[PDB]
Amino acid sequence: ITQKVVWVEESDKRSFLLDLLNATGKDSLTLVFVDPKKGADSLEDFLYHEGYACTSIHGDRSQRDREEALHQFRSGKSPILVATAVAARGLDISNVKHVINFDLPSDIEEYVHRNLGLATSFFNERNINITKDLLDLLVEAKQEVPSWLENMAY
């Protein structure tokens, strides 16, 4: 499954995500993982403001709210779902064409945890501790390895 790691400074992640979404076909189903330090609301509400049909899950909300969001997503009415890792525990993501790691996690095991056609991950200096582990994995999947990612693992 195509894994693309792109260098994206923090202040550029929102504009980079907009372009990744503007290229989505009919907006196939896209799952966007965000760090809880930012929260899924910040990204969902920015997407809404920007005119996108999207929705979010959180781990502290009612099952009624979760299931309404998940149905909007699954049925393609809100084909973008924002989630933290905790919130997406147990999530059946077998119908998701595109996973976007807006924030990468601390450890490569969580990354491994997250019909999947593409995983795009945003990377910058805050993610240095996972460079070699992410490197090793991309080699295993016979995946494109950016030159700069090896020179940073060094």
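Residues carry their position along the shown sequence, with the first being 1.
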Q: Count, per the entry, the deposited residues between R114 and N115 that are not modelled, and return the matching class: none, 1 to 3, 4 to 9, or 10 or more.
A: 4 to 9
Q: Determine, for stretches 35-43 and 105-113, which one has the higher mean CA B-factor as deposited.
A: 105-113
Q: Using the B-factors recorded in the PDB entry, average over the C-alpha atoms of 25-33 and of 94-102, then report which stretch comes out higher.
A: 25-33
Q. With respect to C-alpha B-factor, does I128 fall in the lowest, middle or highest third of the chain as deposited?
A. highest
Q: Would you please rank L20 by its C-alpha temperature factor against the other modelled residues of its chain and give the third it falls in: lowest, middle or highest?
A: middle
Q. Based on the entry's values, in what third of the chain does the Cα temperature factor of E10 lie: lowest, middle or highest?
A. lowest
**Q.** Third of the chain, ranked by Cα B-factor, where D60 sits
**A.** highest
